[PDB]
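Given as structure tokens, the chain that follows is alone and in the form deposited in one PDB entry.
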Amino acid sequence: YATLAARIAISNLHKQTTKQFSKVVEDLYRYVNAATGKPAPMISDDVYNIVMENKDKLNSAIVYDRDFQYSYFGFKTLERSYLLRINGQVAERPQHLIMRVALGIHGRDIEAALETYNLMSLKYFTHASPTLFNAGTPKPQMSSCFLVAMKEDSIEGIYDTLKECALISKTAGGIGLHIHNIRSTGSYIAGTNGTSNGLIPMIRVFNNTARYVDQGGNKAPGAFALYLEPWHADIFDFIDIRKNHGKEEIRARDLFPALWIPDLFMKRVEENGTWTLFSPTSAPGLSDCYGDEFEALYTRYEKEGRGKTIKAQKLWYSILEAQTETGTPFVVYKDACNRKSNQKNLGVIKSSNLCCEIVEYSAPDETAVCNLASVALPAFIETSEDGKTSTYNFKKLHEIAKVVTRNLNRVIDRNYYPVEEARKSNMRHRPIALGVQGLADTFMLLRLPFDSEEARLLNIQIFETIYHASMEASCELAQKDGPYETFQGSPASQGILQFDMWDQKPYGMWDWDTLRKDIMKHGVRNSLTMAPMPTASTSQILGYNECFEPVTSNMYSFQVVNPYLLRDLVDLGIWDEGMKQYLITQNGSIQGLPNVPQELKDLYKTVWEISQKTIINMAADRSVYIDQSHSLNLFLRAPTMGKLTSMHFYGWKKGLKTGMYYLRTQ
């Protein structure tokens, strides 16, 4: 169909752009801001000198054919926010952006540079947007998220923290900020008859700084996620922070509430029992432990009159309300996250990030950071048997995941850190996050319904391979540069890998025993490797479905129909106008369509037609090979208090870390 608008706008772009890469780096580097007279380079000194000392090798390495791998919407995304502009006009071709990104990561290892270039240009993998924006640029802030500790229960602590979010928000990246330690409404303050205002008014300050620190282009999200434990006395308002009605002095519409849930809360809800709310000042230490230690300390404070008791299910019901209307708060299980983190030698983890996938340690003086990349799952499909059936090439997937791991690991050293808390932190533990995109495609291309036994297996299979790969790559790194600073004492140091903490045998596609031997011997370079993220933008750049979720509709959206569906409907000579209309009219749903094979109706279920138990199951299956966590969106058809209840508890009992990211509805 109109894949023809892609080619047009692509070679239009070729016409408005200098072909030779090294000339473009000259242009971008030499740039002066006409309106102001200021020399405003867009390449670093470092990457400039590199390109100049290697210009023939580099220019000739670039294959411009590989520009036509982009769908129309992929390309318009690139154009509109990614390709570097000279004075309003676009100056970078897609190949130049990639080549720049390759250099920004690799520096003088031109061999590494050429390997990344090739693999990216061919669509094997892609790095997260901040890397695509800033690698090879003079303030190269390439990380996607910062996990910030509230420094202290004081105006000074609060305003130091506010300063840090502000300094972070100048640049690319999202912020997860935990606040369990701020005293609740009405608590005593020494030196006044004044009472405390609590969380909400302090939230309104943060929300306001989110709105003010724009102007980083549109590279900042302008939103923070905030993490709270449900025992905090300010909980009812906190969860209603994105509510669309009620008083305005109580809402904070540019921020996301995220719950940090102890298992105790859930038991109490299930047991239909009491829940007690404390101010952190009448209940110290509560966020600084978990599991049993928490259970013991909580129960004691609860017996010692230190707080306020109400019915667990009163809170529970309010949460489901807030979630049904707004899609938030997110739900992340504190204990599951801490019980099963390779970072537990550092102390208690107090939050996740803005997309509920990063599970790293943060403290007033260490603000945890992470660099993300995603693998293009469908690129490892081949027909390779001999005949008609397609298989999945796991060798290449292991090979490619080792490359990404090495990339992400360099990005740590060549990263610009907005705040000293992020450099201190990331240099010590060197966490890393790999993800995937196009899981739904992979299945579709391989003729598998999402809810099949075969899909369940491949899910496990793929993730086993990425995790094995990354730990292998990381361990090779530890052999060249030493383990990361804080590796002694870690579960990985004691031979305990992620699935072990889930008390499971690995699916056994790869030799874990060899790997585990070498890790106890040599260490790893990275405390953490795996955390599948939303890929909202980058999967649009590679033309794939986000992430690891099924299609939302088969009507993608001018509106363009799912190419695999189209393919199949045409090959069955049943694609007419009745088809174009039935699918528009049902929004990319093909069930209940008179003349369509059952094989296709299974294959092209939309996420609303797939059962959430299956969804949670696959999240549980893959989770044992996930160092950190993943952004589990949930989708509900005709939503009810009961259906939502069984979904949290289902994931909760599965041992999940992120029980829910967004709740999406209608």
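Residue indices: 1-based, along the sequence shown. If you superpose the two forms and keep the largest set of C-alpha atoms that fall within 1.5 Å, you have the rigid core.
For the cut-off of one third of the other compared entries, residue 263 stays well clear, since all of them model it along with its flanks.
For residue 216, the record comparison shows coordinates absent in at least a third of the other entries of this protein that model its neighbours.
According to the record, the deposited sequence contains no missing residues between residue 591 and residue 592, so the chain is continuous there.
When the two stretches 90-98 and 460-468 are set side by side, the higher mean Cα temperature factor goes to 90-98. Averaged over Cα atoms, the B-factor as recorded in the entry is higher for 381-389 than for the other of 329-337 and 381-389. Comparing C-alpha B-factors across 410, 350, 151, 251 in the deposited entry, the largest value falls on 251. Going by the entry's values, 247 shows the largest Cα B-factor out of 406, 204, 247, 163.
Ranked by Cα temperature factor within the chain, residue 608 sits in the middle third according to the deposited record. Residue-level temperature factors show residue 643 in the highest third of its chain, judged at the C-alpha atom.
In the deposited entry, the Cα temperature factor of residue 124 sits in the middle third of values across the chain's modelled residues.
Residue 103 sits in the middle third of its chain by CA B factor, as recorded in the PDB entry. The deposited CA B-factor of residue 452 belongs to the highest third of values across its chain.
The protein also exists as the form deposited in another entry; that form is not presented, and the subsequent description refers to it.
Of the residues listed here (379, 78, 583, 220), only one shifts its CA by 2 angstroms or more between this form and the one not shown after fitting on the rigid core, and it is 220.
Taking 2 Å as the criterion, residue 193 counts as shifted between this form and the one not shown: its C-alpha moves by at least this amount when the rigid core is aligned. Wider separation of the C-alpha atoms of residue 128 and residue 221, by 3 angstroms or more, is seen in that other deposited form than in the present form. Cα-Cα spacing of residue 144 to residue 219 is enlarged in that other deposited form versus the present form (difference of at least 3 Å).
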